[PDB]
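Okay, here we've got a single chain as structure tokens, the form deposited in one PDB entry, with questions on binding and movement later.
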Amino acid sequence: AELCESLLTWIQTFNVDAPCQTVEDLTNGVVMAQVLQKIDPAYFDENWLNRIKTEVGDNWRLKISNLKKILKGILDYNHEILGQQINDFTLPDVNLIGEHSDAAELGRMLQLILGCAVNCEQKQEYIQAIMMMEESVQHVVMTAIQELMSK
């Protein structure tokens, strides 16, 4: 904890198209998918984004379907592009995100997305941007990176 909301602030620095003001705004996967496209548009391309349904509303079953596709993508990216540098021993429980808006599990998913950004080809620029954020956010991001980069 203290992860989800600091990482929400970080997510907000991408200024994606979908609303990203609240925890609930992240539960259907669309914001996450748009952020991943910004992180690596060569991998998280339009063909991939098309699989994420928009206008989900309160349909938690579709939320979960979207989130499973997002997590699949992250884990494939980690394996195929990042050489397994992100620690994926504990997977976020996307069912609890969909069914209960569980912000702790959401924080874990956001941590994986952070791991993509700080290991992608543009990692220098993502890290430099983090270094401009509020100190309280940077400290949580630091702890999150320590965890995800450890073996």
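Numbering starts at 1 and runs along the sequence shown. Shifts are known only where both forms have a C-alpha. Rigid core here is just the name for the largest C-alpha set that superposes within 1.5 Å across the two forms.
Omitted from view is the form deposited in another entry, to which the following refers.
A 2 Å or larger CA shift between the shown form and the other one, after fitting on the rigid core, occurs at just one of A18, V23, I127, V137, namely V137. Compared with the form shown here, the Cα atoms of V140 and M32 sit 3 Å or more farther apart in the other form. If you compare C-alpha positions, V16 and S136 are 3 angstroms or more closer together in the other form than in the form on display. 134-149 stands as the sole run between the shown form and the other one where every Cα shifts by 2 Å or more, at least three residues long, with the core as reference frame.
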